[PDB]
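Chemist: I'd like to ask some things about the structure below.
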Amino acid sequence: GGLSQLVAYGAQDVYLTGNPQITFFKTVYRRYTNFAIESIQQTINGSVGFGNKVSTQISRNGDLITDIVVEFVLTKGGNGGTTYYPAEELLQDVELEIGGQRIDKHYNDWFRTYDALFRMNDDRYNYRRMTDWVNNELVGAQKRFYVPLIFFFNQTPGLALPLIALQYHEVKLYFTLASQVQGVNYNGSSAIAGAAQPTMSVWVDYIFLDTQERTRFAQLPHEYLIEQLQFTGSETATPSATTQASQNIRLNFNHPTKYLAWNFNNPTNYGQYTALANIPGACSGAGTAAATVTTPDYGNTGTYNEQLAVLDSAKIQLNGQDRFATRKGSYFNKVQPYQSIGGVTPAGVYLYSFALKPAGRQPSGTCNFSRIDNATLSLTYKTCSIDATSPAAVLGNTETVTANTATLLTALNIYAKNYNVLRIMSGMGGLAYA
Amino acid sequence: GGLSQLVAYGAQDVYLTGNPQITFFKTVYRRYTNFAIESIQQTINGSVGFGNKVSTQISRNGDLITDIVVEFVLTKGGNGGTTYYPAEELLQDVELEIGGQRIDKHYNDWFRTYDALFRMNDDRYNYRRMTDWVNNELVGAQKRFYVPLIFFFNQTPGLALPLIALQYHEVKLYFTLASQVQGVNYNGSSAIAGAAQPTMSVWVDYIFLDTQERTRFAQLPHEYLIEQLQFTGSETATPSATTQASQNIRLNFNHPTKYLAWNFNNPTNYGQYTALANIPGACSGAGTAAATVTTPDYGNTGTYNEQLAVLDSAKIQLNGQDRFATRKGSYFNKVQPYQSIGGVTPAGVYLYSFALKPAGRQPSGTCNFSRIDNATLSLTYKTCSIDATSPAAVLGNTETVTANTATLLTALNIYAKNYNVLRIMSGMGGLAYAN
Amino acid sequence: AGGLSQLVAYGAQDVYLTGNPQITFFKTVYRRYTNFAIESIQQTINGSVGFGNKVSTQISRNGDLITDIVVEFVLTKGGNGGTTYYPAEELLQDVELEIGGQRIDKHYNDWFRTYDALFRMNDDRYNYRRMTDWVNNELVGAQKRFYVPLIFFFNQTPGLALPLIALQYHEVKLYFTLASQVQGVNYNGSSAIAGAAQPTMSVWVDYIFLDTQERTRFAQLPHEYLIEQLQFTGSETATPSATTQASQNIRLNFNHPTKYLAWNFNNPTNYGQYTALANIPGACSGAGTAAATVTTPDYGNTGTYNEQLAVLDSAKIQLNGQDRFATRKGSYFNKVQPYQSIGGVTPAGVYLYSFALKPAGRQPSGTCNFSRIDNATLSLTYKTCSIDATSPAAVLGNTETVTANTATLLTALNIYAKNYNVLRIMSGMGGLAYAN
Amino acid sequence: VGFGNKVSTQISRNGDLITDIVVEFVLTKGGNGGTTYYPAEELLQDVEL
Amino acid sequence: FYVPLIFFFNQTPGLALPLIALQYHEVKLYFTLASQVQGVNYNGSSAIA
Amino acid sequence: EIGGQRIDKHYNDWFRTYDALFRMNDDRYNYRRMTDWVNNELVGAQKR
Amino acid sequence: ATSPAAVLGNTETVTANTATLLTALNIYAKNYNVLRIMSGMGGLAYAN
Amino acid sequence: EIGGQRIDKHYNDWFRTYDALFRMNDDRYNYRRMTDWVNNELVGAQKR
Amino acid sequence: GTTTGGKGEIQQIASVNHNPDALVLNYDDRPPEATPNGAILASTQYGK
């Protein structure tokens, strides 16, 4: 039996088993500080509705705050497949603020971009389950949705905000609700008569500590290594024919940065990052005589066919000096996510990392834009010459061209995910470098 | 090139690259105690068959025990789409005993819940591959199945069970094999004539140790962090019209608890936790004129549409006091496994964790029910008013209602996973706490 | 009420959990690291790139450390939907890693298919597919750029990064053999596709630049890297059509502390086919229709999970004539072992037995060192190939010990061993610590 | 403020001691006489202090 | 409408809440408003348009 | 109010009194511009 | 553009209708740097 | 490129702008002789 | 030429002359200051 391979021992094992340090079959577990977690509803300021703004004033029920989940109730006004993350579209943005100082700012498109890059198949589908209509539901169906927030301390107990030691600050969440949400009160740009206004609550998970730790957190200074999101939107010039247009995007970022990610979207259809085409799942009615390439088959808005992607190539240039040789667009869509995350990114979302493992919390390499005078992102676009209604061309053309419908993806969303430090000093909090 | 970033550092880097402590690009590996893994068959005592009890003793053919796999050979008695994890429903009752002292006890429904709740991605797909027919197979097909056990020492070598340290306390595995298997012995409740009895074999994976460590394991006392499953069955009574039920089911659990999880099942069928309805995946013949919502399209029994579930909201109370605010069923089906597991929990399976990492082994938060006299899980139910045969109402209704066929989910199964401490000394061992 | 009550409910069972706390979860201390920059640089490919050609590239010592390397191919389809199956992977017939004139490792297209088939998971396995195949039912004429990452010891973790700076006196090279026959691009079965274009290839190498303090350490200090190697030879099978279940006792010639053995039963006519063809969905070209032919796969679905199309009934490993473990059935090595040791799903026809607790991991976790073993064999028992592949009634409706008549085409036996060795670097020159 | 909504208030610390608390609602009747029964507290589904 | 609350300090002054002595706490009330209130927005189970 | 203590209160018909009394020509007109329709706007006109 | 009478007979501020085809703008600068070589290695002194 | 470092980079259009600006007389003509068909060569003509 | 393999790119000078560190206000240039939290103090000074 197994004794035969123990006998098969030799000099080569000196690097494996000779003079050992560890054993694999007797784990020593560490004793942890006693804690308990509650989940309570918060006090939500403002009138809830489409296009309205509301805010949350974080209660001091506990010692640390970690997971924040925003809860909606929506009624669908369309048929099956007319929606695409309506709970995520509704949450147009959220700002997190401590004592008047902005700590972070997220957008609906960022949540979509984050899910496109860093979430994986099971947690991405479960996300879809709590944010979208995933069981072929019909018109009139009512479903409760959850949009977990992803601030630096969310899903990260190690960076939980020390509320016990923020007794000199407001901690607030500022939410903007969307004026149009696809399939529940608008179908494309057309209002849905009789649509119901949403019901909203922000649910917060509080961590309660024991006697000794509450003292430690309340009295001692702390240094929290945190994440931030930097953003501004811009327009693009997508080429029609006979040309592959270039665009020089001026980057406007200021902190050690772990990665740059971007997408190109049609602002009228939330989450559409690719061209529409008369192929399965690529547009409304695709494959039938009723097919149109002006409107997506919303529930199948995300795809993986990069021929419907607008980006031909890109490079990051720092102070006029190219940071690496030009890559074609599929590099940023399929390879960096493989190297840096280990998951699949749908077509239309691009990632380049400065970090070995940007998905982790331990810093693994950053780009400090505060010491770079002129950083740009150079974009080359695919020629939009394919007739979107002819599968013969859409599924059978060259790598440098895309559909004529790609000219609608005129908005660029450029994100920088960075690091900062949150300092807690005598009960007061704010950023080390703001 | 990259040198443009290498040199471009400043004040904001002192907490990232200042006075470096680690390097990412030179790793050092720790050397281990030489060992070997071997998988051998145990002697099986008893008559193997449906409804029969069988026992085996783990022979002292090694030093530490890690995984255990129970082998079945089954012949399918129905046509395609008539089975739903036959191998694990057959493995009805698995009891782990050391020296006459019960250590743990698992049920077939827990195996289904664990697979539904804590396994993920390819792990649970392969689990199904080892336990069901997944390639449209036909009646008469023979397939070999493997049901891995998930006891405390089965999921990681770090808690391997040291038989070398238990030379006086026999370690035994008791099995009950289900009297009914869906798609093998019965089509629904109708017996399948000529169905074959199973062939069963229990395989145990042994670890052989090096001399110096083997000696220490035999002579030194040991303590292991051991996980247990607590269970008892409950009953519910979900209403069909005008009313919604509220139950307060006392939680008769007694040790540090990692999480509580529960489901609602139809006792007739195995693994069914949602209503049947004339829609894809919830009805035999779904969508056709012959669609019958008495029984599912068994091969697709699990679904994700929570409006086929009966649980509207729940809260846990400890000492008659709320433990957290009342949340809707979708919170326990979708939000809690998202935060704690990162997987996909099918409709009808619910989780509330006390731990940051309930799927992990390192303790990370527990509710110690040994110091709580009264606790109860409060369950608020949906009204089962939708006509299951009309997709217009099944796929197009309000949050608080479900299908009339949902009332068949009359069995309530509440599980608790907890910690104990396994004490082994001088060849004898058993649990540390008993409550 | 709430969690406050839960904290009060403290008792005897907690002394092993929360008594005398050693750690907390809510005050994580992160480590400060050595300053570096990552740059991905294009390499020059020496030689004419094409079908059936051998080309090579020398890695320019532009940076200090090397980690991932991605081979980029530009291919056009010679067929329509479903006519390809990892066309980028079968083209990358093999890659030889050479450091200073001596071989460190060599990977084969079939190995890349095995590594993909059993180690990485649905999420990145699909992206891997996206990077290697056409997955959107693309038609003839479609052009796509493919990325085939290499999986050498230095690219599965930065901790094993190859320090070119410490290898100052010699070159590191990659030799690439490009397959002459690529299904759906240059050939369709045995038939050449007229007008098929030659591939264009580029090899992207990812460099790391180090700062002054660590760059010096790497240049001056010796290094000992504990690294992985692949060992491989091919053989042939004895797969009967009737009256018997054949056995083979195949002698292994492997020579280092080995983490695992994995094996395929291949049909060399096609790429990645490890199961029989049958007139059931996804199991042959035209499956389910009157035009179904079970001599040719519906290539894009070449991989399946139906064990009845596999040929292995049971297998055992013997070392110096003694059983290493008791004979196991084929499904054990296809499903139970990767379940136990990897945590993913292995398609039918691909089998693995581990000696390691965590063979997908980098740290050693149990090995069988075949350098101290003389007679190490893999005993393989075959299923009898008596089922008529064109009749679903039997293909989907027969016993464990029989398979499809088309199963006899899996005539090539591919056994891989993954092992440890040590790569030592002293005075600007590198080499392996153990020979053979 | 509305049907199915959850609202809260902290007590404005104007005084020293608090005694009674009275919640006002303004409602529009959806039917004729005899169609209501304690609608003001029916609406006040709960209060947690 | 007026809905007086009936907590321990609401009906008699001798139990008045001494906020002045609780300068390190907030005192707050959560008010849950029913989604269905008979005769103002539903008549039985039927919504009142 | 500050801390719950009332500091001041303004009324309709005070704003008109202040505007009609302390604001002067351009600044009173510009104020009107901010609060009224001063360009003979017709039914349906929308202003901020 | 098709009528020489206009192409060869007009004002400073006008050009041909076909000028709208000149859609791409290419601006080039010629600059100094310092190329340093020492003990077998070489590179530019300044990156910017 | 020298040692992995870019030293300079030129485009086809720069080559023409450079010729358009800095070469003068018959050097531009000889240049064109090297780069163009300057003798009314016809279809099929082969030139170095 | 000694380059059988190569030697890594020489470090070159990349100075900061524009103001990319602008808008970055640290805890030292300005420290955080208190605002109200959940615990509120009563209107302590009611006037005379």
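Residues are named by chain letter and number: chains run A, B, ... in the order of the structure tokens, numbers start at 1 in each chain, and ligands are numbered from 1 in the order shown.
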Find the spatial neighbours of residue C:254, counting only C-alpha atoms, within a cut-off of 7 Å - ignore same-chain residues fewer than 2 positions away - and output them as a VMD selection string.

Modeler: chain C and resid 231 252 256 370

Chemist: What are the residues of chain H lining chain B at 12 Å or less? Count only C-alpha atoms, and put the answer as a list in words.

Modeler: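 On the chain H side, the interface is residues 1, 3, 4, 5, 6 and 7 of chain H.
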
Chemist: Please find the residues of chain I near chain D - the criterion being any atom within 12 Å, counting only C-alpha atoms - and write them as a VMD selection string.

Modeler: chain I and resid 38 to 46

Chemist: Go ahead and save the picked residues with N, CA and C atoms, as a PDB file, in the first residue's frame.

Modeler:
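Output file selection_8.pdb follows:
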ATOM      1  N   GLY I  38     -24.686  60.783  16.585  1.00  0.00           N
ATOM      2  CA  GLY I  38     -25.962  60.443  17.195  1.00  0.00           C
ATOM      3  C   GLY I  38     -26.358  60.973  18.572  1.00  0.00           C
ATOM      4  N   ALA I  39     -25.389  61.077  19.474  1.00  0.00           N
ATOM      5  CA  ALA I  39     -25.666  61.582  20.800  1.00  0.00           C
ATOM      6  C   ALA I  39     -25.690  63.091  20.658  1.00  0.00           C
ATOM      7  N   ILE I  40     -26.773  63.710  21.105  1.00  0.00           N
ATOM      8  CA  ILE I  40     -26.935  65.144  20.947  1.00  0.00           C
ATOM      9  C   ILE I  40     -27.069  65.786  22.312  1.00  0.00           C
ATOM     10  N   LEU I  41     -26.497  66.972  22.466  1.00  0.00           N
ATOM     11  CA  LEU I  41     -26.630  67.677  23.724  1.00  0.00           C
ATOM     12  C   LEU I  41     -27.858  68.563  23.638  1.00  0.00           C
ATOM     13  N   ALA I  42     -28.513  68.741  24.778  1.00  0.00           N
ATOM     14  CA  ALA I  42     -29.748  69.552  24.854  1.00  0.00           C
ATOM     15  C   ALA I  42     -29.513  71.047  24.579  1.00  0.00           C
ATOM     16  N   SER I  43     -30.561  71.798  24.215  1.00  0.00           N
ATOM     17  CA  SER I  43     -30.372  73.232  24.048  1.00  0.00           C
ATOM     18  C   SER I  43     -29.965  73.820  25.389  1.00  0.00           C
ATOM     19  N   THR I  44     -28.676  73.734  25.702  1.00  0.00           N
ATOM     20  CA  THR I  44     -28.154  74.069  27.027  1.00  0.00           C
ATOM     21  C   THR I  44     -28.386  75.515  27.460  1.00  0.00           C
ATOM     22  N   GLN I  45     -28.176  76.451  26.547  1.00  0.00           N
ATOM     23  CA  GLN I  45     -28.368  77.838  26.885  1.00  0.00           C
ATOM     24  C   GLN I  45     -29.643  78.300  26.212  1.00  0.00           C
ATOM     25  N   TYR I  46     -30.710  78.380  26.994  1.00  0.00           N
ATOM     26  CA  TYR I  46     -31.910  79.055  26.566  1.00  0.00           C
ATOM     27  C   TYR I  46     -31.567  80.432  27.057  1.00  0.00           C
TER      28      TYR I  46
END

Chemist: Can you list every residue in stretch 242-408 of chain A that DSSP puts in strand (DSSP E or B), as a VMD selection string?

Modeler: chain A and resid 246 to 250 256 to 265 311 to 318 321 to 322 327 to 328 349 to 353 367 to 368 375 to 381 383 to 386 401 to 403

Chemist: Can you check which parts of chain B lie within 12 Å of chain E? Per residue, the shortest pair of atoms and distance in Å to one decimal, counting only C-alpha atoms, sorted by chain and number, as CSV.

Modeler:
residue,atom,partner,partner_atom,distance
B:241,CA,E:45,CA,11.7
B:242,CA,E:45,CA,8.9
B:243,CA,E:45,CA,11.3

Chemist: With N, CA and C atoms retained, write the just-selected residues as a compact mmCIF listing (two decimals), in the first residue's frame.

Modeler:
# COMPACT_ATOMS: atom_id res chain seq x y z
N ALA B 241 -55.58 30.17 1.68
CA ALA B 241 -56.29 31.40 1.39
C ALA B 241 -56.65 32.24 2.60
N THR B 242 -56.62 33.56 2.34
CA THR B 242 -56.95 34.72 3.17
C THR B 242 -56.02 34.92 4.37
N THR B 243 -55.24 33.91 4.75
CA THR B 243 -54.42 34.01 5.95
C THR B 243 -52.95 33.77 5.65

Chemist: Hey, which bits of chain C sit within 10 Å of chain I, and for each residue what's the closest pair of atoms and how far apart in Å (one decimal), counting only C-alpha atoms, rows by chain and increasing number, as a tab-separated table?

Modeler:
residue	atom	partner	partner_atom	distance
C:58	CA	I:5	CA	8.0
C:59	CA	I:5	CA	7.8
C:60	CA	I:6	CA	6.2
C:61	CA	I:6	CA	5.0
C:62	CA	I:8	CA	4.3
C:63	CA	I:8	CA	5.1
C:64	CA	I:8	CA	6.5
C:65	CA	I:8	CA	9.9
C:100	CA	I:5	CA	9.4
C:164	CA	I:7	CA	8.8
C:165	CA	I:7	CA	7.3
C:167	CA	I:5	CA	8.8
C:168	CA	I:5	CA	7.2
C:169	CA	I:5	CA	7.1
C:170	CA	I:5	CA	5.4
C:171	CA	I:5	CA	4.5
C:172	CA	I:5	CA	7.6
C:173	CA	I:5	CA	9.7
C:209	CA	I:8	CA	8.7
C:211	CA	I:11	CA	9.7
C:212	CA	I:11	CA	9.9

Chemist: With all C-alpha atoms matched in order and chain H superposed on chain F by least squares, what's the RMSD to one decimal?

Modeler: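 After superposition, the RMSD is 0.5 Å.
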
Chemist: Please provide as an NGL selection string all residues within 8 Å of residue C:66, with the sequence filter that same-chain residues fewer than 6 positions apart are discarded (counting only C-alpha atoms).

Modeler: :C and (154 or 161-164 or 205-208)

Chemist: Please produce a file of the residues just selected, as a PDB file, in the first residue's frame, where the atoms kept are N, CA and C atoms.

Modeler:
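Result file follows (part33.pdb):
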ATOM      1  N   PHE C 154       7.067  29.394 -13.390  1.00  0.00           N
ATOM      2  CA  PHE C 154       7.194  30.778 -12.956  1.00  0.00           C
ATOM      3  C   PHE C 154       5.970  31.663 -13.185  1.00  0.00           C
ATOM      4  N   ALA C 161       8.734  33.717  -9.716  1.00  0.00           N
ATOM      5  CA  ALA C 161       9.184  34.534 -10.833  1.00  0.00           C
ATOM      6  C   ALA C 161      10.629  34.215 -11.210  1.00  0.00           C
ATOM      7  N   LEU C 162      10.891  34.145 -12.521  1.00  0.00           N
ATOM      8  CA  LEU C 162      12.198  33.750 -13.047  1.00  0.00           C
ATOM      9  C   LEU C 162      13.130  34.960 -13.080  1.00  0.00           C
ATOM     10  N   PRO C 163      14.159  34.997 -12.225  1.00  0.00           N
ATOM     11  CA  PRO C 163      15.020  36.181 -12.095  1.00  0.00           C
ATOM     12  C   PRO C 163      16.134  36.252 -13.121  1.00  0.00           C
ATOM     13  N   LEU C 164      15.773  36.738 -14.304  1.00  0.00           N
ATOM     14  CA  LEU C 164      16.736  36.897 -15.385  1.00  0.00           C
ATOM     15  C   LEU C 164      17.972  37.667 -14.933  1.00  0.00           C
ATOM     16  N   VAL C 205       5.534  38.752 -23.096  1.00  0.00           N
ATOM     17  CA  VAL C 205       6.209  38.353 -21.874  1.00  0.00           C
ATOM     18  C   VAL C 205       6.019  39.428 -20.821  1.00  0.00           C
ATOM     19  N   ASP C 206       5.604  39.048 -19.603  1.00  0.00           N
ATOM     20  CA  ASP C 206       5.418  40.066 -18.567  1.00  0.00           C
ATOM     21  C   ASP C 206       6.640  40.164 -17.643  1.00  0.00           C
ATOM     22  N   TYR C 207       7.227  41.361 -17.626  1.00  0.00           N
ATOM     23  CA  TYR C 207       8.452  41.715 -16.921  1.00  0.00           C
ATOM     24  C   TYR C 207       8.080  42.388 -15.613  1.00  0.00           C
ATOM     25  N   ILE C 208       8.901  42.219 -14.583  1.00  0.00           N
ATOM     26  CA  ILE C 208       8.788  43.081 -13.411  1.00  0.00           C
ATOM     27  C   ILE C 208      10.113  43.826 -13.240  1.00  0.00           C
TER      28      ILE C 208
END

Chemist: As a list in words, could you give me every residue of chain G near chain H (at most 8 Å apart, counting only C-alpha atoms)?

Modeler: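 Only these qualify: residues 28, 42, 43 and 44 of chain G.
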
Chemist: Export C-alpha atoms of the chosen residues as a compact mmCIF listing (two decimals), in the first residue's frame?

Modeler:
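Generated file (out_1.txt):
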# COMPACT_ATOMS: atom_id res chain seq x y z
CA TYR G 28 4.62 66.70 -34.74
CA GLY G 42 22.86 52.93 -22.60
CA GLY G 43 19.64 54.86 -22.28
CA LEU G 44 18.12 58.33 -22.36

Chemist: Compile the contact shell of stretch 306-317 of chain C as a compact mmCIF listing (two decimals) with N, CA, C and O atoms, in the first residue's frame: residues with an atom at most 8 Å away, counting only C-alpha atoms, same-chain residues fewer than 2 positions apart removed.

Modeler:
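This went into around.txt:
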# COMPACT_ATOMS: atom_id res chain seq x y z
N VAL B 134 -26.84 12.75 -15.21
CA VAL B 134 -26.85 14.12 -15.70
C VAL B 134 -26.64 14.22 -17.21
O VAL B 134 -26.39 15.31 -17.73
N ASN B 135 -26.78 13.12 -17.95
CA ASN B 135 -26.57 13.26 -19.39
C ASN B 135 -27.72 12.76 -20.26
O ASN B 135 -27.49 12.21 -21.34
N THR C 239 -7.83 -1.68 -26.97
CA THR C 239 -9.24 -1.46 -26.69
C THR C 239 -10.06 -2.44 -27.52
O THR C 239 -10.17 -2.25 -28.74
N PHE C 265 -7.10 9.18 -22.83
CA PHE C 265 -7.19 8.18 -23.89
C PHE C 265 -7.64 8.97 -25.11
O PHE C 265 -8.80 9.37 -25.20
N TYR C 274 -11.51 12.50 -25.96
CA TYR C 274 -11.21 11.49 -24.96
C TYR C 274 -12.36 10.54 -24.70
O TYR C 274 -12.25 9.69 -23.81
N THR C 275 -13.44 10.65 -25.46
CA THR C 275 -14.62 9.81 -25.35
C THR C 275 -15.04 9.30 -26.72
O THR C 275 -14.58 9.76 -27.76
N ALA C 276 -15.94 8.32 -26.70
CA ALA C 276 -16.48 7.76 -27.92
C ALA C 276 -17.47 8.72 -28.56
O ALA C 276 -18.02 9.61 -27.91
N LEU C 277 -17.71 8.52 -29.85
CA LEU C 277 -18.70 9.31 -30.57
C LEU C 277 -20.00 8.53 -30.55
O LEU C 277 -19.98 7.30 -30.62
N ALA C 278 -21.13 9.23 -30.47
CA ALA C 278 -22.41 8.55 -30.46
C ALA C 278 -23.50 9.45 -31.02
O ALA C 278 -23.37 10.68 -31.02
N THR C 304 -17.38 16.12 -23.14
CA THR C 304 -18.66 15.74 -22.58
C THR C 304 -18.43 15.26 -21.15
O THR C 304 -17.30 15.13 -20.70
N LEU C 319 3.80 -0.26 -7.38
CA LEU C 319 5.17 0.25 -7.27
C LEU C 319 6.05 -0.90 -6.79
O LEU C 319 5.81 -1.44 -5.71
N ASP C 323 0.86 -3.31 -4.83
CA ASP C 323 -0.26 -2.41 -5.02
C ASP C 323 0.04 -1.13 -4.25
O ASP C 323 0.42 -1.20 -3.07
N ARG C 324 -0.13 0.03 -4.90
CA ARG C 324 -0.04 1.31 -4.20
C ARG C 324 -1.34 1.67 -3.49
O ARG C 324 -1.32 2.33 -2.45
N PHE C 325 -2.48 1.22 -4.04
CA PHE C 325 -3.83 1.34 -3.50
C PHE C 325 -4.61 0.23 -4.19
O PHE C 325 -4.18 -0.28 -5.23
N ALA C 326 -5.75 -0.14 -3.61
CA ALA C 326 -6.58 -1.18 -4.19
C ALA C 326 -7.27 -0.68 -5.46
O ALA C 326 -7.63 0.49 -5.58
N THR C 327 -7.43 -1.60 -6.42
CA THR C 327 -7.97 -1.26 -7.73
C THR C 327 -9.24 -0.43 -7.63
O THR C 327 -10.17 -0.79 -6.90
N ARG C 328 -9.27 0.68 -8.35
CA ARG C 328 -10.41 1.58 -8.34
C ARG C 328 -11.07 1.60 -9.71
O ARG C 328 -10.43 1.38 -10.74
N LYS C 329 -12.36 1.88 -9.69
CA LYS C 329 -13.08 2.01 -10.95
C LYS C 329 -12.81 3.37 -11.60
O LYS C 329 -12.48 4.36 -10.94
N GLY C 330 -12.93 3.37 -12.93
CA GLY C 330 -12.60 4.55 -13.73
C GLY C 330 -13.23 5.84 -13.26
O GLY C 330 -12.58 6.89 -13.30
N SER C 331 -14.49 5.78 -12.81
CA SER C 331 -15.20 6.96 -12.31
C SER C 331 -14.53 7.56 -11.07
O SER C 331 -14.66 8.77 -10.83
N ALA C 348 -15.35 13.69 -18.94
CA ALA C 348 -15.20 12.25 -19.10
C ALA C 348 -14.01 11.96 -20.01
O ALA C 348 -13.73 12.71 -20.95
N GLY C 349 -13.29 10.89 -19.70
CA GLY C 349 -12.16 10.44 -20.48
C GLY C 349 -10.83 10.92 -19.95
O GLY C 349 -9.79 10.39 -20.35
N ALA C 376 7.32 0.60 -11.56
CA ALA C 376 6.12 1.39 -11.32
C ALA C 376 5.27 1.22 -12.57
O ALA C 376 5.73 1.51 -13.67
N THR C 377 4.05 0.73 -12.42
CA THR C 377 3.23 0.50 -13.60
C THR C 377 1.84 1.08 -13.36
O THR C 377 1.41 1.27 -12.23
N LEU C 378 1.16 1.39 -14.45
CA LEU C 378 -0.24 1.77 -14.41
C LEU C 378 -1.03 0.67 -15.11
O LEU C 378 -0.85 0.43 -16.31
N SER C 379 -1.88 -0.02 -14.35
CA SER C 379 -2.65 -1.14 -14.87
C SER C 379 -4.00 -0.58 -15.29
O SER C 379 -4.69 0.06 -14.50
N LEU C 380 -4.35 -0.80 -16.56
CA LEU C 380 -5.60 -0.28 -17.10
C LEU C 380 -6.48 -1.38 -17.65
O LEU C 380 -6.07 -2.16 -18.50
N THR C 381 -7.73 -1.41 -17.18
CA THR C 381 -8.73 -2.39 -17.59
C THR C 381 -9.71 -1.62 -18.46
O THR C 381 -10.22 -0.58 -18.05
N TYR C 382 -9.98 -2.13 -19.67
CA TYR C 382 -10.90 -1.49 -20.59
C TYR C 382 -12.32 -2.04 -20.55
O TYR C 382 -12.57 -3.18 -20.17
N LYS C 383 -13.24 -1.17 -20.92
CA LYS C 383 -14.64 -1.51 -21.16
C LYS C 383 -14.72 -2.16 -22.53
O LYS C 383 -13.94 -1.82 -23.43
N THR C 384 -15.67 -3.09 -22.71
CA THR C 384 -15.83 -3.72 -24.01
C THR C 384 -16.68 -2.79 -24.88
O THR C 384 -17.76 -2.36 -24.48
N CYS C 385 -16.17 -2.50 -26.08
CA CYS C 385 -16.78 -1.54 -27.00
C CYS C 385 -17.83 -2.19 -27.89
O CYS C 385 -17.67 -2.25 -29.11
N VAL C 395 -26.75 3.34 -26.08
CA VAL C 395 -25.71 4.27 -25.65
C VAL C 395 -26.08 4.91 -24.33
O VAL C 395 -25.24 5.11 -23.44
N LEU C 396 -27.36 5.22 -24.17
CA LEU C 396 -27.85 5.86 -22.96
C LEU C 396 -28.56 4.87 -22.05
O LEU C 396 -29.18 5.26 -21.05
N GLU C 400 -22.44 -0.59 -17.08
CA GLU C 400 -21.17 0.09 -16.80
C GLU C 400 -19.98 -0.45 -17.58
O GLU C 400 -19.12 0.33 -18.00
N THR C 401 -19.89 -1.76 -17.78
CA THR C 401 -18.69 -2.37 -18.34
C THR C 401 -18.63 -2.36 -19.88
O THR C 401 -17.68 -2.92 -20.44
N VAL C 402 -19.57 -1.74 -20.58
CA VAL C 402 -19.56 -1.69 -22.03
C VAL C 402 -19.68 -0.24 -22.49
O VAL C 402 -20.26 0.61 -21.81
N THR C 403 -19.10 0.04 -23.65
CA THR C 403 -19.14 1.37 -24.25
C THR C 403 -19.41 1.22 -25.75
O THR C 403 -19.63 0.11 -26.25
N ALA C 404 -19.36 2.35 -26.46
CA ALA C 404 -19.70 2.44 -27.88
C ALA C 404 -18.63 1.79 -28.76
O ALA C 404 -17.45 1.79 -28.43
N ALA C 407 -15.56 3.77 -29.70
CA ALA C 407 -14.61 3.93 -28.61
C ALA C 407 -13.24 3.35 -28.91
O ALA C 407 -12.26 3.76 -28.28

Chemist: I want to know what sits within 10 Å of residue C:34, based on only C-alpha atoms, with residues of the same chain fewer than 3 positions away left out; could you give that as an MDAnalysis selection string?

Modeler: (chainID A and resid 364:365) or (chainID B and resid 16:25) or (chainID C and resid 210:215)

Chemist: With only C-alpha atoms considered, list every residue of chain A at most 7 Å from chain C, as JSON, numbers by chain.

Modeler: {"A": [1, 2, 4, 5, 8, 9, 10, 16, 30, 31, 32, 33, 34, 35, 36, 37, 38, 120, 121, 157, 158, 159, 160, 208, 210, 305, 324, 325, 334, 338, 342, 343, 344, 354, 362, 365, 395, 396, 397, 398, 399]}

Chemist: What parts of chain D does DSSP call helix (DSSP H, G or I)? I'd like the answer as a VMD selection string.

Modeler: chain D and resid 39 to 43
